[PDB]
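Okay, here we've got a single chain as structure tokens, the form deposited in one PDB entry, with questions on binding and movement later.
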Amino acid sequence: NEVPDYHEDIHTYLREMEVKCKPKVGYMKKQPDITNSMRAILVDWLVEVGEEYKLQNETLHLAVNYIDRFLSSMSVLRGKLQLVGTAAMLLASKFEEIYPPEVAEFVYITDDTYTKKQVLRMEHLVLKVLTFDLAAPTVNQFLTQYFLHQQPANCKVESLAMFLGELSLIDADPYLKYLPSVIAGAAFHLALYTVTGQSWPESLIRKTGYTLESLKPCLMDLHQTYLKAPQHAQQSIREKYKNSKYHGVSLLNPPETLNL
């Protein structure tokens, strides 16, 4: 980790993998039973699940990526949408967690709507469909890369950027059309601006090649999501980010203008 020698290299490699892990932006139009809203309810529930099991934020992001990729190429009936969500969470825990929760927990959290074997087989199916390509780049990962450019570090800014980035997971609605490095660039500038009133650093511009102009389109969207947040049908994330652990940033008032 902490030896500057590879920061660039790692960033560059992540920018490449991100393009290749990409799921179909428009897969939901082509999906029979399930809908963007069904998805929102699923991701929101996964947030709870994470909370309930004390899993990392990275386990959540990964799991979501596995879901949107699995869904860009397998028709799933709304009543199996949760089996897919659960296997994705189990897989992301196995990859990311120090030691994951037992399948038992996963079958349990479903109020037993599914069996252990259904959970395992779906696990085999997801692995096949994703072709063991589980080490995907995430918003979290890009945020981490960016936080290293803070003059100086601010843990309140971080919490906020983590909040906005996490909110993007709920809405395929507008989100599926942006690269993780982008939603991350926007979450970072919004959070930073809201908290310290400062903007997307010139060092991040040179590092990523993104200009505030570039992030504008995503910026406008993230912002409207932030504003509309208390009204959103899904609340798990807002409730989670109003804890001391996150400097209660979800209660932090969003600017009414990006003064962009």
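All residue numbers are counted from 1 along the displayed sequence.
The same protein has a further form, the form deposited with a partner chain bound, not shown here; the description that follows concerns it.
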query: Of these, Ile109, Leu176, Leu167, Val182, which has a heavy atom no more than 4.5 Å from the partner chain in the deposited complex?
result: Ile109
- request: Could you check which residue among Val195, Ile41, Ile205, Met220 gets a heavy atom within 4.5 Å of the partner chain in the deposited complex?
  value: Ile41
query: Taking heavy atoms only, is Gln82 within 4.5 angstroms of the partner chain in the deposited complex?
result: yes
- request: Examine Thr113 and determine whether its closest non-hydrogen atom to the partner chain in the deposited complex is within 4.5 angstroms.
  value: yes
task: Considering only heavy atoms, tell me if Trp45 and the partner chain come within 4.5 Å of each other in the deposited complex.
output: yes
